[PDB]
C-alpha cells in the first residue's frame, strides 16, 4: 500500500519515522474493524464500522494527565470529556473514535476498561471519577448505524490492541464506513518534526475523515473535484482531528494549536459544511505529572515561549492536510451489494496522478 507521498504528491517537510501519530513518544493506536456485507438477523443493512483508540503514555501503570485544548469548528457532532479539558486543562485515558450512535457503548466500555486496567488507581477507597474523550463521525450511508453494531467487546478489543509503530489507514477502526469528498474516506495519519530552541519535537495527526463534497476537492492546490466528477453518492441517490505533540505547551497554547486544524481541513477544499461535525483536539505528552489526588500542591512545568511557534503551526496544518489525503489514498471501494443504496469508490490513483501532472504538481 503506497501512501500519498509514494504516489508523488508534493508533500511538505520531514516526518517522524512512521509518518504517523505514533511518532509522538508513548502514544499508541489500536483499532477494531467490522466489515460485513450481509445484514445481521433482523436487520436490512450490513454493518461496516469500528472503533479507533489513541492512548498517550501507554506504558504507564497509572493514568497520566496530558494537557489539552479543543476547538469546536462546527459542533454538529459529539466529542465527550471536553468540559474538564476546558476548565481543568487536561484529560486522562484514551481518545476513542467511533460512529455517532456508538458513543454510548464506547463511553461505557472505556470507563469499564480504565477501572480494570488501572485497578491500583480506581479500585481503591479514593473518590475518583472518569470522564473519557469519545468522539464520532456518521457512517449511516454505508453502515447499519441504527442497528448499534459496535459492542462493549469491540471497544475493549481496540483499547487492548493499542501499539506503537506503523498505523493502518483507510477502511479501519472508526473510519471503516466513512466517506470524504464523495470518495471513500476513513482513517489517516501523518507527522512532522520541527526544531525548537535546539531540541527536536514531533507533531502527529490522526483524522477520521467523513467530510466534504466532491465539487470542493482540492489536492495540492489543484481543483481535482472539478475534473473527477463521477460516482458521487448524490448522483446515486464530519471530521475528527486529533493532534498530538511532545512540545511543552499549556492549555491556552493547545487551544490555539487545535484551532489551526481549521486551516488544515480547509487545505483540501471544504468551506466547513453545516452538517459536518468538525471538532479538533490537541494534546501534549510533555510535563508528566501525577493525577490531582496524588500531586504535590505546587508543580514545576516547562512551557514554550510563543514567538517561535509559526513553524509548529505550519507543521500542524501540513500534517492535517497529509492525514486527510492519506486516508483517501489508503481507502478501498465499499458498498454496491444488493443491500446497499450506494457504491462508494476510492479515488483512483492513476487518474489523480494525471490531473496533478497537467497542473505541474506531480512530483
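Residue numbers count along the first chain shown, from 1.
According to the record, 4 to 9 deposited residues between residue 237 and residue 238 are left without atomic coordinates. Once the C-alpha B-factors are averaged per stretch, 64-72 and 44-52 rank with 44-52 first.
When the C-alpha B-factors of 179-187 and 223-231 are averaged, 223-231 comes out higher. Taking only the listed residues 169, 246, 215, 87, the entry reports the highest CA temperature factor at 215. When the modelled residues of the chain are ordered by their C-alpha B factor, residue 119 lands in the highest third. In the deposited entry, the Cα temperature factor of residue 273 sits in the bottom third of values across the chain's modelled residues. Per-chain ranking of the deposited C-alpha B factor places residue 15 in the middle third. In the PDB entry, a CA B factor belonging to the highest third of its chain's modelled residues is recorded for residue 157. Per the deposited record, the Cα B-factor of residue 136 falls in the lowest third when ranked against the other modelled residues of its chain.
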